[PDB]
>>> print(open('start_12.cif').read())   # mmCIF, C-alpha atoms and all ligand atoms; chains and numbers go by the auth columns
data_data
#
loop_
_atom_site.group_PDB
_atom_site.id
_atom_site.type_symbol
_atom_site.label_atom_id
_atom_site.label_comp_id
_atom_site.label_asym_id
_atom_site.label_seq_id
_atom_site.Cartn_x
_atom_site.Cartn_y
_atom_site.Cartn_z
_atom_site.B_iso_or_equiv
_atom_site.auth_seq_id
_atom_site.auth_asym_id
ATOM 1 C CA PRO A 1 -166.216 55.306 71.329 0.00 1 A
ATOM 2 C CA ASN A 2 -165.457 55.492 75.067 0.00 2 A
ATOM 3 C CA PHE A 3 -167.795 53.442 77.255 0.00 3 A
ATOM 4 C CA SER A 4 -165.739 54.374 80.349 0.00 4 A
ATOM 5 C CA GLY A 5 -167.799 55.969 83.088 0.00 5 A
ATOM 6 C CA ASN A 6 -169.978 55.555 86.157 0.00 6 A
ATOM 7 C CA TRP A 7 -173.452 54.821 84.813 0.00 7 A
ATOM 8 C CA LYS A 8 -176.740 55.067 86.755 0.00 8 A
ATOM 9 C CA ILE A 9 -180.004 53.558 85.547 0.00 9 A
ATOM 10 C CA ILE A 10 -182.835 55.824 84.415 0.00 10 A
ATOM 11 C CA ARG A 11 -185.153 53.319 82.726 0.00 11 A
ATOM 12 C CA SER A 12 -185.590 49.546 82.926 0.00 12 A
ATOM 13 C CA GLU A 13 -188.198 47.860 80.722 0.00 13 A
ATOM 14 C CA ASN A 14 -189.447 44.292 80.195 0.00 14 A
ATOM 15 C CA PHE A 15 -187.189 42.877 82.896 0.00 15 A
ATOM 16 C CA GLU A 16 -189.978 40.859 84.517 0.00 16 A
ATOM 17 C CA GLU A 17 -190.878 39.161 81.234 0.00 17 A
ATOM 18 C CA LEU A 18 -187.203 38.228 80.738 0.00 18 A
ATOM 19 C CA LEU A 19 -187.043 36.543 84.149 0.00 19 A
ATOM 20 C CA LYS A 20 -190.301 34.721 83.444 0.00 20 A
ATOM 21 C CA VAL A 21 -188.711 33.093 80.367 0.00 21 A
ATOM 22 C CA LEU A 22 -185.881 32.049 82.675 0.00 22 A
ATOM 23 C CA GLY A 23 -188.204 30.286 85.111 0.00 23 A
ATOM 24 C CA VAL A 24 -188.123 32.764 88.005 0.00 24 A
ATOM 25 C CA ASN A 25 -191.286 32.548 90.102 0.00 25 A
ATOM 26 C CA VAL A 26 -193.510 35.580 90.448 0.00 26 A
ATOM 27 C CA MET A 27 -192.576 37.028 93.817 0.00 27 A
ATOM 28 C CA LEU A 28 -188.831 36.782 93.199 0.00 28 A
ATOM 29 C CA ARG A 29 -189.383 38.430 89.786 0.00 29 A
ATOM 30 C CA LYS A 30 -191.025 41.425 91.489 0.00 30 A
ATOM 31 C CA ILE A 31 -188.212 41.677 94.038 0.00 31 A
ATOM 32 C CA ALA A 32 -185.668 41.396 91.229 0.00 32 A
ATOM 33 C CA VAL A 33 -187.437 44.158 89.271 0.00 33 A
ATOM 34 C CA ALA A 34 -187.165 46.416 92.319 0.00 34 A
ATOM 35 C CA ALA A 35 -183.453 45.563 92.537 0.00 35 A
ATOM 36 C CA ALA A 36 -182.891 46.318 88.825 0.00 36 A
ATOM 37 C CA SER A 37 -184.146 49.858 89.444 0.00 37 A
ATOM 38 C CA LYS A 38 -181.033 50.448 91.603 0.00 38 A
ATOM 39 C CA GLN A 39 -178.548 49.155 89.028 0.00 39 A
ATOM 40 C CA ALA A 40 -175.219 50.915 88.487 0.00 40 A
ATOM 41 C CA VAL A 41 -172.639 50.049 85.831 0.00 41 A
ATOM 42 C CA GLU A 42 -168.999 51.084 86.139 0.00 42 A
ATOM 43 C CA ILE A 43 -166.973 50.689 82.930 0.00 43 A
ATOM 44 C CA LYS A 44 -163.238 51.002 82.273 0.00 44 A
ATOM 45 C CA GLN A 45 -162.444 50.644 78.574 0.00 45 A
ATOM 46 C CA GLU A 46 -158.863 50.355 77.261 0.00 46 A
ATOM 47 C CA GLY A 47 -158.906 49.781 73.525 0.00 47 A
ATOM 48 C CA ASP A 48 -161.054 46.680 73.041 0.00 48 A
ATOM 49 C CA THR A 49 -160.528 45.448 76.635 0.00 49 A
ATOM 50 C CA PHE A 50 -163.403 46.157 79.027 0.00 50 A
ATOM 51 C CA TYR A 51 -163.626 46.070 82.805 0.00 51 A
ATOM 52 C CA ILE A 52 -167.269 46.310 83.893 0.00 52 A
ATOM 53 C CA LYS A 53 -168.696 46.267 87.422 0.00 53 A
ATOM 54 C CA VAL A 54 -172.479 45.774 87.653 0.00 54 A
ATOM 55 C CA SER A 55 -174.014 46.368 91.058 0.00 55 A
ATOM 56 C CA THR A 56 -177.308 46.648 92.954 0.00 56 A
ATOM 57 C CA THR A 57 -177.952 47.530 96.593 0.00 57 A
ATOM 58 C CA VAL A 58 -176.678 44.218 97.978 0.00 58 A
ATOM 59 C CA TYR A 59 -174.749 42.559 95.128 0.00 59 A
ATOM 60 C CA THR A 60 -171.883 43.437 92.803 0.00 60 A
ATOM 61 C CA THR A 61 -170.352 41.501 89.891 0.00 61 A
ATOM 62 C CA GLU A 62 -167.359 42.003 87.600 0.00 62 A
ATOM 63 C CA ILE A 63 -167.326 41.234 83.865 0.00 63 A
ATOM 64 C CA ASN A 64 -163.905 41.555 82.203 0.00 64 A
ATOM 65 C CA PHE A 65 -163.451 40.696 78.549 0.00 65 A
ATOM 66 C CA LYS A 66 -161.602 41.537 75.387 0.00 66 A
ATOM 67 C CA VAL A 67 -163.633 41.857 72.206 0.00 67 A
ATOM 68 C CA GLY A 68 -163.327 38.747 70.080 0.00 68 A
ATOM 69 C CA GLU A 69 -161.929 36.557 72.878 0.00 69 A
ATOM 70 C CA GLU A 70 -164.047 33.942 74.594 0.00 70 A
ATOM 71 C CA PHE A 71 -164.623 34.221 78.334 0.00 71 A
ATOM 72 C CA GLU A 72 -166.774 32.813 81.130 0.00 72 A
ATOM 73 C CA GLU A 73 -169.562 34.574 82.970 0.00 73 A
ATOM 74 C CA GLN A 74 -173.148 33.777 83.919 0.00 74 A
ATOM 75 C CA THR A 75 -176.547 34.322 82.382 0.00 75 A
ATOM 76 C CA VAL A 76 -178.891 36.870 83.925 0.00 76 A
ATOM 77 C CA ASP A 77 -180.296 34.083 86.112 0.00 77 A
ATOM 78 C CA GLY A 78 -176.941 32.719 87.255 0.00 78 A
ATOM 79 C CA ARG A 79 -176.152 29.755 85.018 0.00 79 A
ATOM 80 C CA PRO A 80 -172.468 29.621 83.977 0.00 80 A
ATOM 81 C CA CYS A 81 -171.855 30.298 80.299 0.00 81 A
ATOM 82 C CA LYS A 82 -169.236 30.865 77.630 0.00 82 A
ATOM 83 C CA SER A 83 -169.404 34.329 76.095 0.00 83 A
ATOM 84 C CA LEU A 84 -168.007 36.127 73.055 0.00 84 A
ATOM 85 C CA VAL A 85 -168.389 39.854 72.362 0.00 85 A
ATOM 86 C CA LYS A 86 -168.231 41.358 68.862 0.00 86 A
ATOM 87 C CA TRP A 87 -168.761 44.865 67.557 0.00 87 A
ATOM 88 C CA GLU A 88 -171.838 45.504 65.474 0.00 88 A
ATOM 89 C CA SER A 89 -171.049 49.160 64.696 0.00 89 A
ATOM 90 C CA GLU A 90 -168.855 51.948 66.005 0.00 90 A
ATOM 91 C CA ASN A 91 -170.832 52.298 69.217 0.00 91 A
ATOM 92 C CA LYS A 92 -172.509 48.945 69.873 0.00 92 A
ATOM 93 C CA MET A 93 -171.234 45.535 70.960 0.00 93 A
ATOM 94 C CA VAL A 94 -173.137 42.221 71.003 0.00 94 A
ATOM 95 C CA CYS A 95 -172.402 39.245 73.267 0.00 95 A
ATOM 96 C CA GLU A 96 -173.550 35.698 72.483 0.00 96 A
ATOM 97 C CA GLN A 97 -173.646 33.200 75.360 0.00 97 A
ATOM 98 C CA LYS A 98 -173.667 29.394 75.375 0.00 98 A
ATOM 99 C CA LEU A 99 -174.442 27.383 78.510 0.00 99 A
ATOM 100 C CA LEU A 100 -171.566 25.418 80.019 0.00 100 A
ATOM 101 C CA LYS A 101 -173.922 22.607 81.065 0.00 101 A
ATOM 102 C CA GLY A 102 -177.516 21.627 80.394 0.00 102 A
ATOM 103 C CA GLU A 103 -179.695 23.665 78.099 0.00 103 A
ATOM 104 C CA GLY A 104 -182.095 26.570 78.419 0.00 104 A
ATOM 105 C CA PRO A 105 -183.260 29.606 76.472 0.00 105 A
ATOM 106 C CA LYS A 106 -180.927 31.363 74.054 0.00 106 A
ATOM 107 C CA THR A 107 -179.435 34.343 75.906 0.00 107 A
ATOM 108 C CA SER A 108 -177.418 37.366 74.783 0.00 108 A
ATOM 109 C CA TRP A 109 -176.710 40.981 75.726 0.00 109 A
ATOM 110 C CA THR A 110 -175.828 44.211 73.928 0.00 110 A
ATOM 111 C CA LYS A 111 -174.292 47.495 74.982 0.00 111 A
ATOM 112 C CA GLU A 112 -174.526 50.738 73.037 0.00 112 A
ATOM 113 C CA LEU A 113 -173.363 54.345 73.383 0.00 113 A
ATOM 114 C CA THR A 114 -175.945 56.701 71.881 0.00 114 A
ATOM 115 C CA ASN A 115 -175.192 60.125 70.441 0.00 115 A
ATOM 116 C CA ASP A 116 -177.272 61.601 73.301 0.00 116 A
ATOM 117 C CA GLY A 117 -174.686 60.304 75.817 0.00 117 A
ATOM 118 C CA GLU A 118 -176.870 57.422 76.984 0.00 118 A
ATOM 119 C CA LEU A 119 -175.760 53.859 77.598 0.00 119 A
ATOM 120 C CA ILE A 120 -178.344 51.337 76.386 0.00 120 A
ATOM 121 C CA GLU A 121 -177.974 47.733 77.527 0.00 121 A
ATOM 122 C CA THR A 122 -180.234 44.939 76.365 0.00 122 A
ATOM 123 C CA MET A 123 -180.563 41.367 77.611 0.00 123 A
ATOM 124 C CA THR A 124 -182.342 38.703 75.583 0.00 124 A
ATOM 125 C CA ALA A 125 -183.822 35.287 76.372 0.00 125 A
ATOM 126 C CA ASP A 126 -185.232 33.699 73.207 0.00 126 A
ATOM 127 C CA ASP A 127 -187.863 36.150 71.967 0.00 127 A
ATOM 128 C CA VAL A 128 -187.890 38.489 74.998 0.00 128 A
ATOM 129 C CA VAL A 129 -185.703 41.615 75.172 0.00 129 A
ATOM 130 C CA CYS A 130 -185.095 43.648 78.338 0.00 130 A
ATOM 131 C CA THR A 131 -183.859 47.197 77.646 0.00 131 A
ATOM 132 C CA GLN A 132 -182.022 49.305 80.243 0.00 132 A
ATOM 133 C CA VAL A 133 -180.976 52.941 79.890 0.00 133 A
ATOM 134 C CA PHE A 134 -178.248 54.646 81.923 0.00 134 A
ATOM 135 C CA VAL A 135 -176.647 58.086 82.160 0.00 135 A
ATOM 136 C CA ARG A 136 -173.290 59.156 83.504 0.00 136 A
ATOM 137 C CA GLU A 137 -173.226 60.221 87.133 0.00 137 A
HETATM 138 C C1 LIG B . -172.513 45.557 79.704 0.00 201 A
HETATM 139 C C2 LIG B . -173.485 45.327 80.742 0.00 201 A
HETATM 140 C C3 LIG B . -173.945 44.140 81.213 0.00 201 A
HETATM 141 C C4 LIG B . -173.474 42.812 80.690 0.00 201 A
HETATM 142 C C5 LIG B . -174.932 44.142 82.280 0.00 201 A
HETATM 143 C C6 LIG B . -175.742 43.139 82.656 0.00 201 A
HETATM 144 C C7 LIG B . -176.687 43.269 83.732 0.00 201 A
HETATM 145 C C8 LIG B . -177.094 42.314 84.611 0.00 201 A
HETATM 146 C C9 LIG B . -176.579 40.901 84.592 0.00 201 A
HETATM 147 C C10 LIG B . -178.058 42.667 85.641 0.00 201 A
HETATM 148 C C11 LIG B . -178.530 41.840 86.589 0.00 201 A
HETATM 149 C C12 LIG B . -179.448 41.966 87.708 0.00 201 A
HETATM 150 C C13 LIG B . -179.917 43.131 88.198 0.00 201 A
HETATM 151 C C14 LIG B . -179.604 44.492 87.642 0.00 201 A
HETATM 152 C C15 LIG B . -180.834 43.206 89.394 0.00 201 A
HETATM 153 C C16 LIG B . -181.454 41.874 89.785 0.00 201 A
HETATM 154 C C17 LIG B . -180.468 40.725 89.619 0.00 201 A
HETATM 155 C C18 LIG B . -179.986 40.608 88.173 0.00 201 A
HETATM 156 C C19 LIG B . -178.926 39.523 87.980 0.00 201 A
HETATM 157 C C20 LIG B . -181.198 40.188 87.352 0.00 201 A
#
>>> encode(input="start_12.cif", output="structure tokens", more="lines below")
Ligand SMILES: *C/C=C(C)/C=C/C=C(C)/C=C/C1=C(C)CCCC1(C)C
Amino acid sequence: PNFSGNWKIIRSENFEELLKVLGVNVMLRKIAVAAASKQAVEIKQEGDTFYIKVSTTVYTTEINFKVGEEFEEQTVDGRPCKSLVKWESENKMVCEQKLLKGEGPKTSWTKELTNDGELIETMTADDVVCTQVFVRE
């Protein structure tokens, strides 16, 4: 597949429940939910190497990885982690994260290209899954 593109969010579900698992207090969860509704994802894919820029109104982050090679990033709530991305099918990748220090909930994310041209990203903390849907600009 080709994940490359400038993606804009059209749907964001269960994001508050995810942040609750992660210990975020109520008012910051609501503010974070409003932020998530302005999420944009810019992807440059070259083979199995990915350059991804995730951004809101006031913040932007870069995630660069090669499939199958360990790398460092942060959980959704900012804790540093070790990450490894594997394919699960032609069009979907899965990333498992392990905290660098301390412990916390089990976190992971997935990214998938649908046949309808949608990008579906999920983020998981233990039992709770946030699902986010994007379309190309
Ligand atoms: C392949 C796509 C990935 C790994 C995207 C992950 C998305 C995030 C880490 C999103 C984070 C946030 C917002 C969209 C808004 C509020 C602040 C965050 C960190 C919860």
>>> closest_residue(input="start_12.cif", among="A:137, A:103, A:88, A:127", to="residue A:4", atoms="all atoms listed in the file")
A:137
>>> residues_near_ligand(input="start_12.cif", ligand="ligand LIG 201 (chain A)", cutoff="6 Å", atoms="only C-alpha atoms and all ligand atoms", output="VMD selection string")
chain A and resid 32 35 to 36 39 76 to 77 111
>>> resolve_selection(input="start_12.cif", expression="the PyMOL selection byres (((chain A and resi 48-51) around 9) and not hetatm)", output="PyMOL selection string")
chain A and resi 3-4+42-47+52-53+62-68
>>> resolve_selection(input="start_12.cif", expression="the PyMOL selection byres (((chain A and resi 133) around 9) and not hetatm)", output="list in words")
residues 8, 9, 10, 11, 12, 13, 118, 119, 120, 121, 122, 131, 132, 134 and 135 of chain A
>>> resolve_selection(input="start_12.cif", expression="the PyMOL selection byres (((chain A and resi 93) around 10) and not hetatm)", output="mmCIF file with C-alpha atoms, keeping the file's coordinate frame")
data_model
loop_
_atom_site.group_PDB
_atom_site.id
_atom_site.type_symbol
_atom_site.label_atom_id
_atom_site.label_comp_id
_atom_site.auth_asym_id
_atom_site.auth_seq_id
_atom_site.Cartn_x
_atom_site.Cartn_y
_atom_site.Cartn_z
ATOM 1 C CA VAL A 67 -163.633 41.857 72.206
ATOM 2 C CA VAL A 85 -168.389 39.854 72.362
ATOM 3 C CA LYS A 86 -168.231 41.358 68.862
ATOM 4 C CA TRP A 87 -168.761 44.865 67.557
ATOM 5 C CA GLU A 88 -171.838 45.504 65.474
ATOM 6 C CA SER A 89 -171.049 49.160 64.696
ATOM 7 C CA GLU A 90 -168.855 51.948 66.005
ATOM 8 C CA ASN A 91 -170.832 52.298 69.217
ATOM 9 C CA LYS A 92 -172.509 48.945 69.873
ATOM 10 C CA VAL A 94 -173.137 42.221 71.003
ATOM 11 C CA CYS A 95 -172.402 39.245 73.267
ATOM 12 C CA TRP A 109 -176.710 40.981 75.726
ATOM 13 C CA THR A 110 -175.828 44.211 73.928
ATOM 14 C CA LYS A 111 -174.292 47.495 74.982
ATOM 15 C CA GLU A 112 -174.526 50.738 73.037
ATOM 16 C CA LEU A 113 -173.363 54.345 73.383
ATOM 17 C CA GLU A 121 -177.974 47.733 77.527
#
>>> residues_around(input="start_12.cif", residues="residue A:29", least_positions_apart="5", cutoff="7 Å", atoms="only C-alpha atoms", output="list in words")
residues 16, 19 and 24 of chain A
>>> closest_residue(input="start_12.cif", among="A:37, A:97, A:20, A:5", to="residue A:79", atoms="only C-alpha atoms")
A:97
>>> residues_around(input="start_12.cif", residues="residue A:124", least_positions_apart="4", cutoff="6 Å", atoms="only C-alpha atoms", output="compact mmCIF listing (two decimals) with C-alpha atoms, in the coordinates of the input")
# COMPACT_ATOMS: atom_id res chain seq x y z
CA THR A 107 -179.44 34.34 75.91
CA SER A 108 -177.42 37.37 74.78
CA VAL A 128 -187.89 38.49 75.00
CA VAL A 129 -185.70 41.62 75.17
>>> build_atoms(input="start_12.cif", residues="stretch 28-39 of chain A", atoms="N, CA, C and O atoms", output="short mmCIF file (atom, residue, chain, number, x, y, z; two decimals), keeping the file's coordinate frame")
data_model
loop_
_atom_site.label_atom_id
_atom_site.label_comp_id
_atom_site.auth_asym_id
_atom_site.auth_seq_id
_atom_site.Cartn_x
_atom_site.Cartn_y
_atom_site.Cartn_z
N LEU A 28 -190.23 36.44 93.41
CA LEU A 28 -188.83 36.78 93.20
C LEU A 28 -188.64 37.67 91.97
O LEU A 28 -187.74 38.51 91.96
N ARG A 29 -189.48 37.51 90.93
CA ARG A 29 -189.38 38.43 89.79
C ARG A 29 -189.64 39.87 90.22
O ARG A 29 -188.93 40.79 89.80
N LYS A 30 -190.69 40.08 91.03
CA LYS A 30 -191.02 41.42 91.49
C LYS A 30 -189.89 42.00 92.33
O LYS A 30 -189.51 43.16 92.16
N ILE A 31 -189.32 41.20 93.22
CA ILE A 31 -188.21 41.68 94.04
C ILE A 31 -187.00 41.98 93.17
O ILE A 31 -186.30 42.98 93.37
N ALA A 32 -186.78 41.16 92.14
CA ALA A 32 -185.67 41.40 91.23
C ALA A 32 -185.88 42.66 90.40
O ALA A 32 -184.91 43.39 90.12
N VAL A 33 -187.12 42.92 89.98
CA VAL A 33 -187.44 44.16 89.27
C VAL A 33 -187.14 45.36 90.14
O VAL A 33 -186.60 46.37 89.67
N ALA A 34 -187.50 45.30 91.43
CA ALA A 34 -187.16 46.42 92.32
C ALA A 34 -185.65 46.58 92.41
O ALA A 34 -185.14 47.71 92.36
N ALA A 35 -184.91 45.47 92.52
CA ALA A 35 -183.45 45.56 92.54
C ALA A 35 -182.91 46.21 91.26
O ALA A 35 -182.04 47.08 91.33
N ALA A 36 -183.43 45.80 90.09
CA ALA A 36 -182.89 46.32 88.82
C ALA A 36 -182.99 47.83 88.75
O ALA A 36 -182.17 48.48 88.09
N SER A 37 -183.96 48.42 89.44
CA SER A 37 -184.15 49.86 89.44
C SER A 37 -183.09 50.59 90.25
O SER A 37 -183.13 51.83 90.31
N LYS A 38 -182.17 49.86 90.90
CA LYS A 38 -181.03 50.45 91.60
C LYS A 38 -179.71 50.03 90.97
O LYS A 38 -178.67 50.03 91.63
N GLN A 39 -179.73 49.65 89.70
CA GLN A 39 -178.55 49.16 89.03
C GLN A 39 -177.58 50.29 88.71
O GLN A 39 -177.98 51.39 88.32
#
